[PDB]
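The data below hold one chain only, encoded as C-alpha cells and taken in the form solved without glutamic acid.
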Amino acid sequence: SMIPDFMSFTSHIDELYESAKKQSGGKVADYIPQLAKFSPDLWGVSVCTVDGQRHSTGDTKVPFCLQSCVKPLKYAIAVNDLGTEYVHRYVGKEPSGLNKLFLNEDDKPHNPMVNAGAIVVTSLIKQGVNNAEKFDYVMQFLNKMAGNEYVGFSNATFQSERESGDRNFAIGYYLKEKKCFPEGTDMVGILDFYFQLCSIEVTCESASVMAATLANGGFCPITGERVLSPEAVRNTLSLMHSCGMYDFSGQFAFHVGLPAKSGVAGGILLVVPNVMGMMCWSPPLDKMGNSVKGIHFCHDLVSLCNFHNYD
C-alpha cells in the first residue's frame, strides 16, 4: 500500500476535488428528461480502500443511474457464474477501431464494454428464470458488492430508455440475425432486462464500495466476503483498462493507466488495484461522453499519487 497516512491522502483528495470543481465545461446528457433534470454543479468523489477506510467530499449521497457503469459489473457476474471460456464464445476481448459496426470479424460484439456486448452479456446471466427473477439476482449481487449500501432503481429512467432506445433495438435485431444469443433467447425480453440494469441507482458512496470490491480481488472491503471470483475480477479489470472510457479509452489508458468505466449519468467507476475503489460523479459530459470534472480529477490523481499502472 502506497497510502501510509490515510489522513494526509484524504487531504489531497479534497484538494483535487476542489481543483476539479473549477472545471465547468461539458454538457449534461439530455436525450431523456431523467438525465436533463440534473444540475451541472453536482460533483461528488467517494473513496473506499481495500482496508475498508472511507472518505467522501461533495454530493456523494445524491442517487444517480449507473447506466454504462453497470456493464463491467454484469460482465463480472457472468464470468463468475459461467467462466471466461463460456462468456467469450459470445463476446470479444478487445477495443474496436472506431462507423461503429455492431459486430467484429467473427460476428461477435467487440467487447463487453460496448452496447452490443453488454446486451449479449445480459443474455447469458441467469438463463431460464423470468426477468423479474433475473433482476433480483443481479440486485442481490450488486448489494454484496456494495456491502449492502445504496442500490436503488429508477423506473422513470427505465421507461424512458425503453421507449427511446431505437438504436439498442436495432442492435438487438441485428444480433438476433447473426445468431449472437444463446439458444432460445427472448431478444426483446433481454433488451428489457438490459434497460432495467441501466436504470439501477447508486451513490458515489455505495458505488465506491463496489469499485473497492474489484480493487480487492473480489472481496468486499466492508464485509470481508467473497463476491466475485478472482478470474472474474481480473477479466473485468483488463477490459475496463482497454475499453471503459468510450472513445477516450486509448488516451485514458496511456495517461491515467487505471481501470475505469464511465456512464452517461456523469459517473466514473475508478479502480486502483490493491489500493482502493472510487466513484466520481458530475453530470456534465465532454464530446467523448465522459464526466468533464471526473476526467480532470483522474488525471490529477495519477500525477499526484503515481497510481498509474506503470509507475
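The first residue of the shown sequence is 1; numbering continues from there.
Quick note: we don't show the form solved in complex with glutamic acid, though the next part is all about it.
**Student:** Whether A76, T122 and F181 jointly form a contact site for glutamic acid in the deposited bound form is the question; each needs a heavy atom within 4.5 Å.
**Tutor:** The answer is no: none of the three residues contacts the partner (heavy atom, 4.5 Å cut-off).
**Student:** Using a 4.5 Å heavy atom cut-off, which of 86-94, 191-199, 233-241, 220-228 contacts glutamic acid in the deposited bound form?
**Tutor:** Checking each option against the 4.5 Å cut-off leaves 191-199.
**Student:** So in the deposited bound form, is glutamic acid close enough to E161 to count as touching (4.5 Å, heavy atoms)?
**Tutor:** Judged by the heavy-atom cut-off of 4.5 Å, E161 is in contact with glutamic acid in the deposited bound form.
**Student:** Would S68 show up as a contact with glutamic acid in the deposited bound form if we use heavy atoms at 4.5 Å?
**Tutor:** Yes, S68 is a contact residue.
**Student:** Classify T185 as contacting or not contacting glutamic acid in the deposited bound form by the rule of any non-hydrogen atom within 4.5 angstroms, answering yes or no.
**Tutor:** No, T185 stays farther than 4.5 Å from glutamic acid in the deposited bound form.
**Student:** Hey, in the deposited bound form, does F254 get a heavy atom within 4.5 angstroms of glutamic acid?
**Tutor:** No, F254 is distant from the partner.
**Student:** Though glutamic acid is not shown, can you say which of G263, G277, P283, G44 has a heavy atom within 4.5 Å of it in the deposited bound form?
**Tutor:** By the 4.5 Å heavy-atom cutoff, the listed residue in contact is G263.
**Student:** Have a look at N168, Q127, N131, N143 for me and say which one sits with a heavy atom within 4.5 Å of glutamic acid in the deposited bound form.
**Tutor:** Checked against the cut-off, the match is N168.
**Student:** Which residues in 22-57 have a heavy atom within 4.5 Å of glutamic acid in the deposited bound form?
**Tutor:** Residue within 4.5 Å: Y31 only.
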